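Everything below concerns the one structure shown next.
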Amino acid sequence: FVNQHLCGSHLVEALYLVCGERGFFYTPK
Amino acid sequence: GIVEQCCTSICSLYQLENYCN
Numbered sequence: 001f002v003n004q005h006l007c008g009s010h011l012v013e014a015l016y017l018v019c020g021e022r023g024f025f026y027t028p029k
Numbered sequence: 001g002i003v004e005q006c007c008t009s010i011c012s013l014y015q016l017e018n019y020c021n
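Chains B and A, in that order, give the protein sequences.
If you're matching positions, the first sequence starts at 1 in the deposited numbering and goes up one per residue.
If you're matching positions, the second sequence starts at 1 in the deposited numbering and goes up one per residue.
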């Protein structure tokens, strides 16, 4: 699921799945 | 940033993990 174009909710989902209990930051700006 | 790397271009695990805490 990671090796594709990932935008919006799709990108946030990928971050969520990859980062797990660490969490993540989503900074589109 | 992440949009340029993963939305406009093709993402990778290596790049996604740069945004984990």
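Note that beta-carbon positions come from the ideal geometry of N, C-alpha and C, so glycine has one too.
Going by C-alpha to C-alpha distance, which of the options sits closest to residue i?
i: residue 27(B); options: 17(B), 21(B), 7(B) and 20(B); result: 7(B)
Can you check whether the C-beta of residue i is within less than 8 Å of a C-beta belonging to chain A?
i: residue 18(B); result: yes
i: residue 12(B); result: no
Among residues of its own chain, excluding the 5 on either side of residue i, which ones have a beta-carbon nearer than 8 Å to its beta-carbon?
i: residue 15(A); result: 2, 5 and 6
i: residue 11(A); result: 5
Whole-angstrom Cβ separation of residue i and residue j, contact assumed at under 8 Å?
i: residue 2(B); j: residue 13(A); result: 5 Å
Give me whichever residues DSSP pairs with residue i in a beta bridge.
i: residue 20(A); result: 24(B)
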